[PDB]
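Below is one structure, written out as structure tokens; comments come after it.
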DNA sequence: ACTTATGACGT
DNA sequence: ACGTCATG
Ligand SMILES: Nc1ncnc2c1ncn2[C@H]1C[C@H](O)[C@@H](COP(=O)(O)NP(=O)(O)OP(=O)(O)O)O1
Ligand SMILES: [Mg+2]
Ligand SMILES: [Mg+2]
């Protein structure tokens, strides 16, 4: 019934903003965004504080536009090195967080600001230690129970406590429900440890799988955690849009909506697994049939380290690189940042990348990557990497350079122990 | 002219 | 191996 494991998803609240606000006290408790490349339209927003969201400011907005919605908006710029954005500060901030999470349980780095946790084992330990002890409300100061309260509240904290009381009073409530509660107690502790040790606040979702735990985390932001039990799923999914569920945000979800003629996740229950398979594939049908019943089996991978390391730049419109000299210069600029990142990787993580991937895009092409080619990554030399990368894409030139290049991408892959 | 990184799947 | 999809 997918009530076998306890899985959590922890996600930092407006991460890049918190990172800047910690370092610059002035930006704290104020409408705040983080931008990059100020020259064109004040730059592009990649992170918005909650105060700034009250005014309607969103990521992928122009800073000049954001200022129109929010006159008093404070802006922080991404560091620029070698003529491109540099995310080093946010990656180091990430490492602090990932390290604190590691002490509690085994984690899967899902993004720079979020990881999954498997609390299944930890829950078992706590119960033996905690055996015969009731769970106090004090143990869950920031926990929301989805679907509660019900029955017999005007303030949001009042609703939270009321729901928490009903759930705790029942714990009536099964063995898998008790495990989620202990799972959540542990998440309270882990979240408190993050803020105390780094100054960063965050939200969390606690459930039986990664899809639900991720959905749960969203429900109460920021600085709150949410438990989505097995029993809540039917009511929660019933009015829940398909696009909301992870991996249904793009084309597949659209085709499910278009083919099946439904709009909510719950509506999938009526169809047989075979029906779903025939429409959307064997792998997807099977996945859909279980997910709408709240059952998901993807494992929490024990991976704290990124599989791959890469850098890229985009040369939109006029700025597009139409000469051999420019292509050579930016590969070198990219290869140089890559070398710094790669060297650090070896010292911290005892591993080396064996392959190098070059991806490029050209004018008139929609696709993120027009093409990609690879070659051997034998040495961490920016000049060699840049020179080799030129060699594997040099043919690409139809011609000077034609067509001019929209983007350059260099990626390191295939790391091995050492 | 929403950029810059990531991971997984299909074939 | 190379393209594509999905996500942050
Ligand atoms: N499309 C994008 N392009 C570039 N950088 C991005 C990005 N999306 C996110 N980032 C960077 C900047 C972001 O701060 C960060 C975290 O990812 P989120 O969790 O998706 N968003 P946040 O933590 O800001 O807040 P909250 O979760 O509470 O809504 O990654
Ligand atoms: Mg976040
Ligand atoms: Mg996130």
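So, of the residues in the range A:287-327 that are within 16 Å of DNA strand C (Cβ to nearest atom) and assigned to a helix (DSSP H, G or I), which turns out to be nearest to residue A:232 (Cα to Cα)?
A:291
Filter the range A:1-30 down to the residues that are more than 26 Å from residue A:207 (Cα to Cα) and within 14 Å of ligand 1 (Cβ to nearest atom) and list them by number.
Those that are more than 26 Å from residue A:207 (Cα to Cα) and within 14 Å of ligand 1 (Cβ to nearest atom): A:16, A:17, A:18, A:19, A:20, A:21, A:22, A:27.
From the list A:112, A:145, which one is away from ligand 3 (no atom under 16 Å from the Cβ), under 20 Å from residue A:223 (Cβ atoms) and buried (at least 18 other Cβ atoms within 10 Å of the Cβ)?
From the options A:112, A:145, the qualifying one is A:145.
For residue A:48, indicate whether it is closer than 25 Å to residue A:195 by Cα and within 16 Å of ligand 2 (Cβ to nearest atom).
yes
Within the range A:1-25, restricting attention to residues that are more than 16 Å from ligand 2 (Cβ to nearest atom) and not in a helix (DSSP H, G or I), which residue is nearest to residue A:52 (Cα to Cα)?
Of everything passing the filter in the range A:1-25, A:24 is nearest to residue A:52 (Cα to Cα).
All but one of (1) surrounded by 14 or more Cβ atoms within 10 Å (Cβ to Cβ); (2) in a helix (DSSP H, G or I) hold for residue A:343; which doesn't?
(1) is the only condition that residue A:343 fails.
Being outside the structural domain of residue A:112 (by CATH), out of contact with any strand residue (DSSP E or B) (no Cβ under 6 Å at 6 or more places or on another chain) and part of a helix (DSSP H, G or I) narrows it down to one residue among A:331, A:338; which is it?
Only one candidate passes the filter, namely A:331.
Go over the candidates A:194, A:107, A:100, A:186 one by one and state the one that is assigned to a helix (DSSP H, G or I) and within 16 Å of ligand 3 (Cβ to nearest atom).
Residue meeting the stated conditions: A:194.
Just give me the residues in the range A:199-244 being away from ligand 3 (no atom under 16 Å from the Cβ), surrounded by fewer than 21 Cβ atoms within 10 Å (Cβ to Cβ), on the phi < 0 side of the Ramachandran plot and not in a strand (DSSP E or B), in sequence order.
A:230, A:231, A:232, A:234, A:235, A:236, A:238, A:239, A:240, A:243
Can you tell me how many residues within the range A:1-21 are within 13 Å of DNA strand C (Cβ to nearest atom) and surrounded by fewer than 20 Cβ atoms within 10 Å (Cβ to Cβ)?
2
Basis: the model, the stated rules and, where named, an outside source; nothing here is a laboratory result. Don't worry about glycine lacking a Cβ; one is built from the backbone with ideal geometry, like all the others, and counts go over all protein chains shown.
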